[PDB]
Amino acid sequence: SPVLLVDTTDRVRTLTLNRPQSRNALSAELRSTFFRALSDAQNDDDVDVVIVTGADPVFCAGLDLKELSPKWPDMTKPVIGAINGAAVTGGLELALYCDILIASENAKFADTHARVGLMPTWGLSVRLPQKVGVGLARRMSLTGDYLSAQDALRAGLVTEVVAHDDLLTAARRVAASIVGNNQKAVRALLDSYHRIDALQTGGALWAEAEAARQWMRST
């Protein structure tokens, strides 16, 4: 089957990471396909909103390390992450790129970069404190322990936690609310939020990149 499933219904495009046999690990092929699908959704006049999710039971375990710069494209259409299970390391970075997250009761979040001896290059060290808080981000990154869905909700990492079998139902509800609004305005306002975020995070992203380069050279 394809590594990425694509559905478009009611102006909402759902992109489902589809390597469950490998915990939806981001192989070179899946990365290429996923990032291209985001760009294609942005360019497709039939699409107002994107949902990103994973084939059960894991959302995304991270980069395919067996097999082994940022790639997530500039978008003005909203991206909703429907986190169905574990979102780990590069998969947590994928979740952190989304505009809005909704979680299954089964979702959990972890950063194992330190454990596997890697430094983050897709924004974890910038966006995790931004979205879960400074102390909790540090606790996650230094322990490698899982953060539960309920704790993710308490911390602000996700907007909503629902029963597992209601996850895509819930994501479709949020998408439908967006679809009902003025799309020119939705896109203008989201572009602006993105520009403000880029202004506030770029120095940090450079610092993250520099720390990764220094790690690779020393290691």
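So that there is no doubt, residue numbering starts at 1 and follows the sequence shown.
- According to the record, no deposited residue between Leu189 and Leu190 is left without atomic coordinates.
- A summary of the deposited B-factors shows that, of 118 to 126 and 70 to 78, the stretch with the larger mean C-alpha value is 70 to 78.
- When the two stretches 79 to 87 and 108 to 116 are set side by side, the higher mean Cα temperature factor goes to 108 to 116.
- Looking only at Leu153, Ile178, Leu26, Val52, the residue with the top Cα B factor in the deposited structure is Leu26.
- Sorting the modelled residues of the chain by their CA temperature factor places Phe34 in the middle third.
- When the modelled residues of the chain are ordered by their C-alpha B factor, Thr169 lands in the middle third.
- When the modelled residues of the chain are ordered by C-alpha B-factor, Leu65 sits in the highest third.
- In the PDB entry, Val12 places in the lowest third of its chain by CA B-factor.
- When the CA B factors of the chain's modelled residues are split into thirds, the value for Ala163 lands in the middle one.
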